[PDB]
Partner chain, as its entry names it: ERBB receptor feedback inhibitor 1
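Here's a solo chain for you in structure tokens, the form deposited without the partner chain.
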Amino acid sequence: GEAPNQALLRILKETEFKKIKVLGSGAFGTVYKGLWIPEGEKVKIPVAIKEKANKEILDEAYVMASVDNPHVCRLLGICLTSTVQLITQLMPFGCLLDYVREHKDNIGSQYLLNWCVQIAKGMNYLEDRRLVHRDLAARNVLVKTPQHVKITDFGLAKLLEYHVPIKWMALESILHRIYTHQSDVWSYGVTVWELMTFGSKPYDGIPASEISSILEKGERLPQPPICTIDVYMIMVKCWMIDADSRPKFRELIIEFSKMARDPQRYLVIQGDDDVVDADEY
């Protein structure tokens, strides 16, 4: 027996939001930066506006409407025009992959380990909601402030095993298309590796079709220069063949929290008006 999903889908008036500029474009479509000004209440909310694809943006709106956690992106509503528009919280510092690349010379160990805690909290919450993300990656973690990140992009999420980006996927997902919370743990491991390498590309150069063979042979991603064996062992554990031998998200929270209390012991880095944010509306 499953519980009824009593989330609210808010439908917004087009005249309530002003597109300020284009943040980005691609196959997906066009994402704009804007404000949402609900009629009456004196409030201006910074928002991102994302303009069968309709069925897919609706599937994603369904998922984002059903999650509410400090480390998961919040859905504000949809607007029913020509194409369906997703209206989400504007995350001013962009995705975490671009952020660590753009600020390599300024990311301390405190930030890196705190991001690992926060991402783990967000994923643990998703697991509580019996939700498999299926696309966890540094590109899909947004930065509200350098101190606060949130998991985004639920275009592949599935509400529960469940029967694609190859270099972030567990071996079971590449071979048998099986996805669990524990295959999300594998993707968490690759995401942490991305952050610890300040944005390197996993298996850079290796063709995606070769990835399945490499993993079967026992090879894994290398140990990042800044990583003590303590941190790298955590990543390696996320890449075990036996899915139930990988750590749980609730455990990853615990481990990385301990490390975040003495960060320089685990990461060795050289030189180590009426505007309302959505979290307060």
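Residue numbers count along the first chain shown, from 1.
The discussion below concerns the form solved in complex with the partner chain, not included here.
- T197 belongs to the set of residues with a heavy atom inside 4.5 Å of the partner chain in the deposited bound form.
- Contact annotation for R220: at least one heavy atom lies within 4.5 Å of the partner chain in the deposited bound form.
- Although the partner is absent here, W193 is a contact residue: one of its heavy atoms lies within 4.5 angstroms of the partner chain in the deposited bound form.
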